[PDB]
Structure formats: C-alpha cells, structure tokens
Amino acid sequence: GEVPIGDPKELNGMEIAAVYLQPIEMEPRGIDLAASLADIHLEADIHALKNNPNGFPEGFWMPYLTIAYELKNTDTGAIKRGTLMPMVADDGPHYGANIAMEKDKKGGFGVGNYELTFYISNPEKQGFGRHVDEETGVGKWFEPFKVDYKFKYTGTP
C-alpha cells in the first residue's frame, strides 16, 4: 500500500523514486518521529541503474547517501524540512522518515498539492571509499544534487 510521488528520475547512475505509506515503527527508538505523531512514512527508493559508473550492480540499493528533504504545500505555502534515514523494511533497505502532515502542530500540511525535493550527497561524506586502481577502479562520485517531485497528498493512509 504505497502511494507514488511524482515521476521517478534517472541520474548519476541511480533511479530515484519517492513513495509514501502509513506511519511505521522504527528501531532504534527516539530518532524517527513516533508513529502515533505522524501521518505518513516517506521513502526514497534509490537503486543502481545499468552500467553504474561507481561500480554498483544494477538494482542494488545505493547505500551511505546523505539525503535531506523539503516538503512544500503549494496551496497553503507551508514548508518543512528534514532528513531521510537509512533503514530496512520487509521490502528491503530504503531511506525514510515518519512525517506529521495533518498532525503537524503548525498547521498547513493537510490534503492538497505538494512539491517534494530531495537533496542528495555522495557516500564519501560518510567515509565510504572507492577503488581508483586501473584494474578494479571506478569513477568520481556525483556532486550534491537535488531532485524535485509534484504530487497530491490525499490524506493519511
């Protein structure tokens, strides 16, 4: 039961898609917003394309990324920011966050039209290395980038 967000993008060797579903319970506790405080779980699905230039096998999950988001209700003008955290669910690893929409104390994050932006930086920021020898080496990582989606939020699932 995942709601697609906008259209997926292909860039920097990766497919980058967004979905939301109902709030989830994550361990370790005290990091992700508690399920009962949230209205959605937002996920970024990020996997390697064919011929990924940093050596990741097609379809592999892209690990050690730093991902921030911005969510804007274009009807009300309300904007929030946060980060997506790496975690695993029954359908495998992803980057996600529980997010208050209707339940956000500030208001303005209810049913309506939204723009979602991911701000993504490469794994080296988190100490992940790459071979650069002639035999087994791989190319440079992408510079930090953003991807943008548009979607209708129809209410908490």
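So that there is no doubt, residue numbering starts at 1 and follows the sequence shown. If you superpose the two forms and keep the largest set of C-alpha atoms that fall within 1.5 Å, you have the rigid core.
After superposition on the rigid core, the larger root-mean-square Cα deviation in 5 other deposited structures of this protein belongs to 105-113, not to the other of 105-113 and 85-93. Taking the root mean square of CA deviations in 5 other deposited structures of this protein after fitting on the rigid core, 38-46 and 24-32 differ, and the farther of the two is 24-32. Taking only CA atoms, the mean B-factor in the PDB entry is higher for 105-113 than for the other of 105-113 and 92-100. In this entry, 117-125 has the higher mean Cα B-factor, the comparison being between 43-51 and 117-125.
When the modelled residues of the chain are ordered by C-alpha B-factor, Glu15 sits in the lowest third.
Among all modelled residues in its chain, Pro86 ranks in the lowest third by Cα B-factor. Looking at the C-alpha B-factors along this chain, the one for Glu58 belongs to the lowest third. Sorting the modelled residues of the chain by their CA temperature factor places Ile31 in the highest third.
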